[PDB]
Structures are given as C-alpha cells and as structure tokens.
Amino acid sequence: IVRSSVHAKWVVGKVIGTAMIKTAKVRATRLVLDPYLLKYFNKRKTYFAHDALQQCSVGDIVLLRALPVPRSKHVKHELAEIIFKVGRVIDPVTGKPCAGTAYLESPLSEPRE
Amino acid sequence: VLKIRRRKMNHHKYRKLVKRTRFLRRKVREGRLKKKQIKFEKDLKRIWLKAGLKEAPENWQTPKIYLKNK
Amino acid sequence: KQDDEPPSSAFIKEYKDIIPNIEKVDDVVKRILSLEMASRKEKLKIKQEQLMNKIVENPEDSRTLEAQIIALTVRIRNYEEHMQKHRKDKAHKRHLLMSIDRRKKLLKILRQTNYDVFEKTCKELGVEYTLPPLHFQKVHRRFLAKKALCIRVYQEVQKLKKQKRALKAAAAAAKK
RNA sequence: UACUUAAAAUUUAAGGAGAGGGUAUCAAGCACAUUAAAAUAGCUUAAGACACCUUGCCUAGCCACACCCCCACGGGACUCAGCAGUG
RNA sequence: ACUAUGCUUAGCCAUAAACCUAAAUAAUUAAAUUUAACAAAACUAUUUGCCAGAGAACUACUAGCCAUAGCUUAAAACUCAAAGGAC
Ligand SMILES: [K+]
Ligand SMILES: [Mg+2]
Ligand SMILES: [Mg+2]
Ligand SMILES: [Mg+2]
Ligand SMILES: [Mg+2]
Ligand SMILES: [Mg+2]
Ligand SMILES: [Mg+2]
Ligand SMILES: [Mg+2]
Ligand SMILES: [Mg+2]
Ligand SMILES: [Mg+2]
Ligand SMILES: [Mg+2]
Ligand SMILES: [Mg+2]
C-alpha cells in the first residue's frame, strides 16, 4: 500500500470548477516568502481531483488525498473530504449549522433533527 | 510655457505633413489592410492543415474583417 | 410578466390592516384609499410585501440578504417597465444595470452563506444565477472568427476518427 | 565488495512543496481535457498561457557538445573545440 | 449680406485646461509638523492605478474600433548637460 511520490500527499483547496466528469478542479494556496520584502504572499496551484460521486460544488473547501497511481496526466488526487460546503457550513467547534459569523441553530438548543 | 507651444508647434507641423501626403497615406493603408487580411487567412489555413484536414471545414469561408464592410 | 399583480381594489400599505378593522366604510372612502387613487410607488410597496410573505420566513425583517434581494427585484422590474417607454433615458438605463449588478452581488453572498435560502429565493423570484467566469475573454472580429474555425476544425477531426473506428470495428467483426 | 544473497558507488526513468532571463506593441493558445458503457465539452491564460529574443550554471563542481545535416540508418561542403604548431 | 452649423427625429464619432491641475476610504490635530516655496494647514493607515532626465514624441510601427486627413495603445535611433518647478 505504498504512497504516492508527489510531495502533496494532503492538499486543501477551494473547488474552482466542476465541469469535467467525475473530476473537480481545485485551487490550493500556499504561503511563499518574498526574499526582497521578507513578506509572505499566496502562491496558488491547481489540482485535479477524482470526485467519484460528483458531490462537489464550486466554492466549497475540500481535502484531497494523493492517489497511489496517477489516474491520468493531471488527475493525481482524489476527494478525501469536504471540509466546508458552500453555503452549508457546519461549525466544527459546536456542530451547529451556521451562515457566516452566526448560528442558524443556537448551540444552547438540542434539536436532534 | 514653451512646452505647450512646442506641442502646438509640433502638432501643427504634423497636421500640415499629413495634409501634404494624405493621398499617399490612403494607398498605404489600403495595402496594409490587404496584407493584414492575407496574414489572417494564412493563419487560419495553418490551423486546419496542421490538424490534418486537407480542406477547410465544410461550409467555411474566412470572413473578410478588414474590408469596407461597415 | 409575473404571476401576481396587485388589484386596483387593494388598499395602500398604510391602511391595509386598518380598514378591515373599521366596521363600515363607504365605497368612496375605500376607492380613495385603494390602489386606483395612488401613485405607482404605492403599488410597488404592495408587490414587495406580497413577495416577502411568500419567500422570507420572517417578513418582519427587511435587512436580510433575502429581503434585500426581493427589494431589488421589484425595483429591477420597475426600471424595466420604465425603459420600455423611455427608450432613450440614460439615467434610468444606468439605474437598471446597476441594480441588476447589485442583485448579483447579493445573490453571491447569499449563496456563500445560506445555500438553502439562496435556492428558494432564486426559484421563487425566478432569477437565474450564473457564477462569475474564472477568466475574462476578449472579443473582437479576428478572435471570434479564428475561435469559430478552431472549434469547427476540431469537430471535423473527431468526426473522422469516429467514422474510422466504426469501419475498423466493422471489418474486424466480419473476420470473426 | 560481500553472500550465493546485501551494503555501496554510479546512473536511468517517471515526477513536483518551492525557487528560476528579457519583450505584453507576444493577448490569446487551438486539442493544448475528463470519463472509460467509450461518452462529456472540456484544458492553459493578465497570479502572464502561446509566440519570439538572449544566455552555459548549480561552481569541491555540474550540464551540453565532439567536422556539418537538433539525431546520424543515410547523406554531405569529410574531422586538432587532445598537446605542440600553422594559415 | 449670406451658407455649413447651432434646433428636431434617428444613428455614428468618443474628443477638452473632460480642472477643485486634489484617486478613493477611515482616521488624528498631537506628535515641540512653515519641514522647501507657492497653492488648499499637516499627517497616518489601507487598496488599486501610474511615474523613473530632457528633446526626438499627442511621432513611427503594432492591434482594436461604424472611426478612412480619425481615436485609443506607444517605442528606438539620434542629440544635449541639462530640461523643469516655486519664489
Ligand atoms: K550537435
Ligand atoms: Mg511597435
Ligand atoms: Mg574544427
Ligand atoms: Mg552530432
Ligand atoms: Mg590546439
Ligand atoms: Mg579528435
Ligand atoms: Mg442655416
Ligand atoms: Mg479648472
Ligand atoms: Mg490629441
Ligand atoms: Mg497618432
Ligand atoms: Mg498608428
Ligand atoms: Mg531613450
């Protein structure tokens, strides 16, 4: 069960496109140090990921797992997880639906619905 | 002061020069557009020939976009 | 047009809930306080209130993104009726295009925050939302003509491949 | 070189966290994508694609070249860019 | 004296010292700030656009445009040791 050669064994990014069949185009960003300014800026990379169930929508944050063998020239990752769904975020700390910096369902309540 | 006068005097000498050679410039332009059209057509022929087609796509006629169509 | 248009017999929003309580009111008084003797601005306050009830969970709140989107749909449809008669009004043509663009900006924020409300708002208000295109495309006669040939050339090449595959498979099938 | 199987030196192939010359009057490239019933219409690009121009760089050293045709079956204008030497 | 034109109805052209010669936005008035001078008291932060001596040059070439003596985009050769601003 050897792992991939690619450095990006785990990458987080935003789904910037989903027009290919069973594949989601994801934009990841990393921080790179400008040597002259000594300030960090964002370098963005595109990763094709295998979305077997076509469960991805543009704008949602996702976690990708490097495939052991590249599926194609560009598809070398799969959709491990959807960290945040676009417009359907669930607060990790409390577990309640949220809509921005607000709770759609109060954490005091226990709807269990 | 002398900088707008010089733009004015420089601009004055260009308008006079354009007037003296207005007819020549017209024939220069009509020929530059014709070369601009041939370059456009050839660039389109390169595309289909490289793709492997031996004739342009059926029902295709390169549009004349630089001629007096308007 | 739209499914709902306020009737001429409807009372203005100021007296919408007051006249029903009054025991008996004359026909003339009802006609003065109806939508027949009011400006177009009054008829639009009734259209908006009808839509807020039919879409927003809490029609009492008008500061929500869904409510603001409803306020701009009434204005947008109002500016469109204006511009159908005043074809050369450039200030209102600007008002229409700026409200359309404002609605798109609000629909984008709503989609990113409450997708469930976003879907209902678009379905009820009948507004189609298209996502912003990743890359801006330049447009001019030379580009559009080359881009049309390139699409046509590709299609022809692929059509030939499909024909070759069928003929190749057909020959193999006969041999078998 | 040890064991008849394991430690090295040295390479090769496929890759990618990041970094990597100039011109944007080079602004579009034109198949450059995915799926795997073979369909879908996608892929790169102002966060600089494509095109052109220039330059050995990564310096205990590395890379490329070895008369010319990128190569060298073949062909050609037929070999010192080894040391010394000559035009 | 009189015409194009100024007017109307439809298009087109896209130019001004299009200038408040002040990008927008939120601050502060003290930091012992006339921090050149003159305008319009000064100054911090944020984001974008733009500038890098003058002339050549609101030019040549390039691309786009209903524009065809047009507009936008915009160099180099070459020349000088200045050009320029406020008093
Ligand atoms: K060689
Ligand atoms: Mg040029
Ligand atoms: Mg030799
Ligand atoms: Mg050789
Ligand atoms: Mg020698
Ligand atoms: Mg030799
Ligand atoms: Mg007259
Ligand atoms: Mg002024
Ligand atoms: Mg001018
Ligand atoms: Mg010019
Ligand atoms: Mg020109
Ligand atoms: Mg110069």
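In this report, the structure presented in the accompanying data block is examined. (Residues numbered from 1 in each chain as written, not as in the entry; some residues may be left out. Chains lettered and ligands numbered in written order. Part of a larger assembly, values for the part shown. Heavy atoms only, no water.)

1. Overview of the interface of chain C and chain B
The interface is formed by eleven residues belonging to chain C together with 16 residues belonging to chain B. Where chain C abuts chain B, roughly 1300 Å² becomes buried across the two surfaces, and 76% of that area is made up of carbon and sulfur atoms. If you sort the residues of chain C by the area they bury against chain B, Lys146, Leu149 and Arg152 of chain C come out on top, with a joint share of 41%. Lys146 of chain C serves as the salt-bridge partner of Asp43 of chain B, at 2.8 Å between the closest nitrogen and oxygen. Taken together, the connections running from chain C to chain B amount to two residue pairs in polar contact. (Contact = heavy atoms within 4.5 Å. Buried area = accessible area lost by both parts, 1.4 Å probe. Salt bridge = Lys/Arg side-chain N within 4 Å of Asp/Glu carboxyl O. Polar contact = N/O pair within 3.5 Å; in protein donor to acceptor, adjacent residues only side chain to side chain.)

2. Some points on the sheet that holds strand β4 (residues 61-66) of chain A
All names here are of chain A. One closed barrel holds the five strands; their spatial order is β1-β2-β3-β5-β4, and the pairing between them is mixed. Going across the sheet, the axis of each strand differs from the next one's by a mean of 50°, ignoring polarity. Across three bridges, the pairing between strand β3 (residues 39-50) and strand β5 (residues 75-84) is parallel. Pairing of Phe48 across the sheet is with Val75, part of β5. (Pairing = 2+ DSSP bridges. Helix = DSSP H or I, 4+ residues; strand = E, 2+ residues; numbered from the N terminus. Axes fitted to C-alpha atoms, helices over the stretch in contact; angles between N-to-C directions.)

3. Topic: the protein's contact with RNA strand D
In the region of RNA strand D, 39 residues are neighbours, and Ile21, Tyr47 and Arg71 of chain A together with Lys146 and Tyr154 of chain C sit closest. Those atoms of RNA strand D that come within 4 Å of the protein belong to sugar or phosphate at a rate of 63%. One of the side-chain nitrogen or oxygen atoms of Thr23 of chain A is found 3.1 Å away from a sugar or linking oxygen of RNA strand D. Looking at the surface near RNA strand D, the elements that each hand over two or more residues are β1 (10-20), β2 (23-34), β3 and β5 of chain A, α2 (22-51) of chain B together with α6 (141-175) of chain C. (Near = heavy atom within 4 Å.)

4. What to know about the nonpolar core
Counting 22 residues, the largest nonpolar core has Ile69, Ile70, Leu107, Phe118 and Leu125 of chain C as its most contacted members. Listing elements by their share of this core, those giving two or more residues are α2 (40-55), α3 (65-85), α4 (90-113) and α5 (115-125) of chain C. Discounting residues that sit within four places of it in the chain, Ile70 of chain C has contacts with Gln48, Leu51, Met52, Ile55, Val56 and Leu125 of chain C. Of all hydrophobic cores here, the second largest spans twelve residues; its members include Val11, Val26, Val62 and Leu79 of chain A. (Core = buried A, V, L, I, M, F, W, Y, C linked by side-chain atoms within 4.5 Å. Buried < 20%, exposed > 50% of the residue type's maximum accessible area, 1.4 Å probe, protein only.)

5. A few points about the protein's contact with RNA strand E
Around RNA strand E sit 21 residues, and of these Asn10, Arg15, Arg26, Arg29 and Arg32 of chain B come closest. By atom count, sugar and phosphate contribute 72% of the portion of RNA strand E lying within 4 Å of the protein. Within the side chain of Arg142 of chain C, a nitrogen or oxygen atom sits 2.9 Å from a phosphate oxygen of RNA strand E. Element by element, the count of residues in the surface near RNA strand E is highest for helix α1 (residues 2-20) of chain B, at nine residues.

Keep in mind that these numbers describe shape and distance, not what the molecule does.
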